[PDB]
Amino acid sequence: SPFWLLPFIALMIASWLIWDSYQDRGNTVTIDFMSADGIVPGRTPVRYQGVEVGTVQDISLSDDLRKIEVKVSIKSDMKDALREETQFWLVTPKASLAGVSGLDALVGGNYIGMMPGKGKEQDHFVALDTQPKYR
Amino acid sequence: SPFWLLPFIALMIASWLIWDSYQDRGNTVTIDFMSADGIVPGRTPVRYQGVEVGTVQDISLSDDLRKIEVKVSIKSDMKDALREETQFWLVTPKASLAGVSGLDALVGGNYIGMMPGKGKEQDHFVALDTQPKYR
Amino acid sequence: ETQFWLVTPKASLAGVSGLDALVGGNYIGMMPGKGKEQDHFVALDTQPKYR
Amino acid sequence: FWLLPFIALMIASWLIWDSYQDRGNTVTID
Amino acid sequence: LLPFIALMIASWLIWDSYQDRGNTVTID
Amino acid sequence: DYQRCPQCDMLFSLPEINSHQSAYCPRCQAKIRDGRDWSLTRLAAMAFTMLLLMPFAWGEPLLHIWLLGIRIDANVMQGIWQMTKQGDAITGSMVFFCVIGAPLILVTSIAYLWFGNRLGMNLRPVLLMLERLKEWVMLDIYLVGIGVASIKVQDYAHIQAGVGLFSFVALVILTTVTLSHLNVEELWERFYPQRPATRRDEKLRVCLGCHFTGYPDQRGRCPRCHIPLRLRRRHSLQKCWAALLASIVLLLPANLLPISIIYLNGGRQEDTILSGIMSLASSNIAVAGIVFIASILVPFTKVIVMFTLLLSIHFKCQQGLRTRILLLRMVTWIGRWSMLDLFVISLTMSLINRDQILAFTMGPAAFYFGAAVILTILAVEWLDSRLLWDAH
Ligand SMILES: [Zn+2]
Ligand SMILES: [Zn+2]
Numbered sequence: 021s022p023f024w025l026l027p028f029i030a031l032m033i034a035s036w037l038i039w040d041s042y043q044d045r046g047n048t049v050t051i052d053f054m055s056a057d058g059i060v061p062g063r064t065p066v067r068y069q070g071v072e073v074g075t076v077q078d079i080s081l082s083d084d085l086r087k088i089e090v091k092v093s094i095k096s097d098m099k100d101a102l103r104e105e106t107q108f109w110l111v112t113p114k115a116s117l118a119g120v121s122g123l124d125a126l127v128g129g130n131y132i133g134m135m136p137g138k139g140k141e142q143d144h145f146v147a148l149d150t151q152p153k154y155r
Numbered sequence: 021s022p023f024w025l026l027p028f029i030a031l032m033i034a035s036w037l038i039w040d041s042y043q044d045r046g047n048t049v050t051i052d053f054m055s056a057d058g059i060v061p062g063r064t065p066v067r068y069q070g071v072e073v074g075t076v077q078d079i080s081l082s083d084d085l086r087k088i089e090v091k092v093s094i095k096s097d098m099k100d101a102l103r104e105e106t107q108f109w110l111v112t113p114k115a116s117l118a119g120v121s122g123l124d125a126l127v128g129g130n131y132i133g134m135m136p137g138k139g140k141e142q143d144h145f146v147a148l149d150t151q152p153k154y155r
Numbered sequence: 105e106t107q108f109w110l111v112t113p114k115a116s117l118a119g120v121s122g123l124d125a126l127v128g129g130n131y132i133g134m135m136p137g138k139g140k141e142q143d144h145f146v147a148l149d150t151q152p153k154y155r
Numbered sequence: 023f024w025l026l027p028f029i030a031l032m033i034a035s036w037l038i039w040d041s042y043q044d045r046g047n048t049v050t051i052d
Numbered sequence: 025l026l027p028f029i030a031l032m033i034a035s036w037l038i039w040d041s042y043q044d045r046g047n048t049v050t051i052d
Numbered sequence: 027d028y029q030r031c032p033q034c035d036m037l038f039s040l041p042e043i044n045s046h047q048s049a050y051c052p053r054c055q056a057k058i059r060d061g062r063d064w065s066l067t068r069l070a071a072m073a074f075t076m077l078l079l080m081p082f083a084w085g086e087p088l089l090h091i092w093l094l095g096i097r098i099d100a101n102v103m104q105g106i107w108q109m110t111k112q113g114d115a116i117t118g119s120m121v122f123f124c125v126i127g128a129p130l131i132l133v134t135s136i137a138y139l140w141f142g143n144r145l146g147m148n149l150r151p152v153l154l155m156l157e158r159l160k161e162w163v164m165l166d167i168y169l170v171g172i173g174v175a176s177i178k179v180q181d182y183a184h185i186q187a188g189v190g191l192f193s194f195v196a197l198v199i200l201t202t203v204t205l206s207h208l209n210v211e212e213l214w215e216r217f218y219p220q221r222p223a224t225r226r227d228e229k230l231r232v233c234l235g236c237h238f239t240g241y242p243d244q245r246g247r248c249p250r251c252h253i254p255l256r257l258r259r260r261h262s263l264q265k266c267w268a269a270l271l272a273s274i275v276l277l278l279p280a281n282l283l284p285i286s287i288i289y290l291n292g293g294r295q296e297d298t299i300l301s302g303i304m305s306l307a308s309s310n311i312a313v314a315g316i317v318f319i320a321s322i323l324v325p326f327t328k329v330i331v332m333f334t335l336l337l338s339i340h341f342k343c344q345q346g347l348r349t350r351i352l353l354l355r356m357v358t359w360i361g362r363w364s365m366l367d368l369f370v371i372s373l374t375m376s377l378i379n380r381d382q383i384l385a386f387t388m389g390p391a392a393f394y395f396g397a398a399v400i401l402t403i404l405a406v407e408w409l410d411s412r413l414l415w416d417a418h
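Sequences listed follow chains A, B, C, D, E and F, in order. Start counting the first sequence at 21; every next residue gets the next number (the entry's author numbering). Start counting the second sequence at 21; every next residue gets the next number (the entry's author numbering). Start counting the third sequence at 105; every next residue gets the next number (the entry's author numbering). Start counting the fourth sequence at 23; every next residue gets the next number (the entry's author numbering). Start counting the fifth sequence at 25; every next residue gets the next number (the entry's author numbering). Start counting the sixth sequence at 27; every next residue gets the next number (the entry's author numbering).
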């Protein structure tokens, strides 16, 4: 029957959607934070040069040892170059007396900036205190 | 079959709307950005003298070579004069000394400013660091 | 002799006027005089003094 | 009865007349 | 049935509330 | 004079019917026939006044919204155009067909019938389209949607009734009364008269297109209309199962993928149906209840009812036949109202359209939701209750 073709098309569209979801939530990476001031467990972008790639999925505590375990789903295009020398930092809308930078963070909430290098492989990183100079 | 009349009308009107959107789409132009701070892949206007013409459709990375490939759909009225000496820049809500700048950009999001000249033809451009003087 | 101008939320160092434009988006101010007739005008750079 | 379509026609004529009464003019600015 | 679906929704809401309920702490 | 029920194959003599009340099947109590009421001239007058009223009921703004010091005028055309410009052309087209295109098809069909009477052109498929267009002409649903959206955005901004709202309400009333007093069997017997039978033959078939009971000709087609006349549908069970499986598959993306993306102060919310209904229950639960029961309660109830009916067909169960038919009728009556969410999100994205402070957009799940609703409506319409009756 020709009308039996519609559920097959719906099923293959759903399969493409499953593939798209598996690509978008590519792989889970665990980062240790000293203080996650405004990381929402539902929506928190992880950007490289401002381009959103990763997304924070899980937040937990390392049995109250002053460390926050943040699990982030990262896409495959960044997973292909995710190496051991990958640095993360928390961009917050800090407005102290010494520095008032962070207007983008104030506008768009809190997010995670990333920078890769030339390491081998790692899945468990520790976030830096501030944004390092990268040239 | 006589019952294939109403589905024919529905398919015809759906294809009419799809054809209208495809006609209004334009041509795709690829721009290399050093840092796309706030370019939304869904809605980001490309304005000439503040008049919205183009629209950012795709965002990707040049295999992590510090360059962002931005594909923008541009209408035919601007395609007719889209030449080799066409300049683009990213207007962001930055603050400068002796008065603020880009308050309209703060209201309406990060966007891309453009300026043409007297070139021959090009489809692949590289964005400048700041807005140049154009007189 | 009908004049039009574009009121935008300019907030430069010299002048910070334009809070109405900031609230309600960019708009166009107009001022008539004692001309005959015209349908095609050219906008001025800034808002002129009208008294 | 035909009173309901007559009233509908009268209302349609009234709104058409209202639309045609107060349409502005187009002015071109550079 | 509508009553059965409503009962299922209420049971799901009660289970969600009970899964993460914790403990009550009083602060002055 | 004598007919056979299209739902349970009850062969019964039909007495003469006046304008008051109607007739029903003796066994299953199903609406079979209507009589007298309005005439084709009155239908043409209603179509003409609808043609006069529709452009001013569509183009004119439904209501004026003052949000953040900005006055915004919105309407159905603006909402559908925003839907198509965003990228969801299929959702825009299905919303357009449900709201605006279906009355246009109704008026065009009435005019086509009148001109066919005037000239002598064929009018067979137009009557079938008119019969099956009543399930798709939905303006009261859009009225409920604009009411729900107005109540939802009453706290966000200031809402004032526009000039177009009155014309839209008048159009809704006119379409409701015309569709309620539009009779299709009377039109069939007026345009193509036929003859009754001897009240007892046990060899008559009921056409599912024109509700005519009789003998097929030598070509196997209905005497009244040019479609084949069969005992049941050709592949009723296969079509119902295919549409039910398609709706079951497509329901999962409609709830998993986000349905509404709200850009507030530059940050996007990206919330699905469950998150939206939870927030609406937290804030304005009074309308969250009706939104819930019209968005997620109806589709799953229809899915489980159709699945249990097909399982009963396969099992040949003969226990709750008196209740399965009632459940099927209730599902047929209630499945049309599942399109409320698309109209609500269309109006809200047409109204709340600030550049960055408050930008409401429809995400990549309303397409799957609307496709699932259409597919389950088609499954319910394609299910044949004569198979349920023959399962005994
Ligand atoms: Zn019956
Ligand atoms: Zn027939």
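Heads up, the beta-carbon is just placed ideally off N, CA and C, and yes, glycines get one too.
- Using a Cβ-Cβ cut-off of 8 angstroms, F:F82 is close to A34, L37, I38 and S41 of chain D, given in chain order.
- Assignment of beta-bridge partners to F:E161 by DSSP yields no partner.
- Here F:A405 has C266, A269, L270, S273 and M332 as same chain residues with Cβ atoms under 7 angstroms from its own Cβ, once five neighbours each way along the sequence are excluded.
- Taking the C-beta atoms as reference points, F:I106 is found nearer than 7 angstroms to F:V121.
- Ranked by how close their Cα comes to the Cα of A:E89, the residues A:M54, A:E72, A:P22 and A:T64 have A:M54 in first place.
- CA-CA distance, C:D124 to C:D143, rounds to 28 angstroms.
- Of the candidates F:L37, F:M36, F:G61 and F:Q55, the residue whose Cα lies closest to the Cα of F:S48 is F:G61.
- Contact note: C:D143 reaches chain D through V49 and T50, using a C-beta cutoff of 7 angstroms and chain order.
- The beta-carbon distance between F:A392 and F:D114, rounded to whole angstroms, is 7 angstroms. This is short enough to meet the 8 angstroms contact definition.
- For A:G128, the nearest CB of chain F lies under 7 angstroms from its own CB, placing it at the interface with that chain.
- Annotation: the continuous alpha helix (DSSP H) that includes D:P27 extends over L25 to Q43.
- A:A56 is positioned such that its CB atom lies no closer than 7 angstroms to that of A:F108.
- Listed in chain order, the non-local C-beta contacts of D:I38 below 7 angstroms within the same chain number zero, local neighbours out to five positions each way being set aside.
- By the CB criterion at 7 angstroms, F:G292 and A:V71 fall outside the cutoff.
- At a cut-off of 6 angstroms, the beta-carbon of D:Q43 does not count as near ligand 1: no heavy atom of the ligand is closer than that.
- If you compare the alpha carbons of A:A30, A:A101, A:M32 and A:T75 with that of A:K140, the shortest gap goes to A:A101.
- Under the Cβ criterion of 7 angstroms, C:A115 is counted among the residues facing chain B.
- Residue-level contact by beta carbon fails for F:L205 and chain D, as no gap is shorter than 7 angstroms.
- Residue environment analysis places F:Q244 among the exposed positions, since fewer than 16 neighbouring C-beta atoms fall within 10 angstroms of its C-beta.
- In this structure, DSSP gives A:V120 a state outside helix and strand, which the three-state scheme calls coil.
- Along the region 166-228 of chain F, the beta strand (DSSP E) occurs as fully enclosed runs of 3 or more residues at 184-187, listed in sequence order.
- Beta-bridge partners of A:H144 (DSSP): A:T50.
- At a cut-off of 7 angstroms between beta carbons, A:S21 contacts chain F.
- For B:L31, the closest C-alpha among the options F:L263, F:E407 and F:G127 is that of F:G127.
- For A:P27, the closest Cβ of chain F is nearer than 7 angstroms.
- In the three-state scheme derived from DSSP, where H, G and I count as helix and E and B as strand, A:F108 is classed as strand.
- Per DSSP, B:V60 lies in no beta strand (DSSP E) and is assigned neither H nor E.
- Considering only beta carbons, the part of the region 63-89 of chain B lying closer than 9 angstroms to chain A consists of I79, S80, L81, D83, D84, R86 and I88, in chain order.
- Neighbourhood of C:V146 in chain D, by CB distance below 7 angstroms: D52, in chain order.
- By the Cβ test, the region 343-352 of chain F is not in contact with the region 282-301 of chain F, since fewer than three Cβ pairs between them sit closer than 8 angstroms.
- Taking the C-beta atoms as reference points, F:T298 is found no nearer than 7 angstroms to F:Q29.
- In the DSSP assignment, the residues bridged to A:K91 are A:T50 and A:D78.
- Runs of the alpha helix (DSSP H) lying entirely within the region 260-292 of chain F and spanning at least 4 residues, in chain order: 262-282.
- Of the residues A:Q151, A:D97 and A:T75, the one whose Cα lies closest to the Cα of A:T112 is A:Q151.
- Distances from the CB of F:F238 to the heavy atoms of ligand 2 include at least one below 6 angstroms.
- Sixteen is the threshold: when 16 or more other Cβ atoms of the shown chains lie within 10 Å of the Cβ of F:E86, as they do, the residue is buried.
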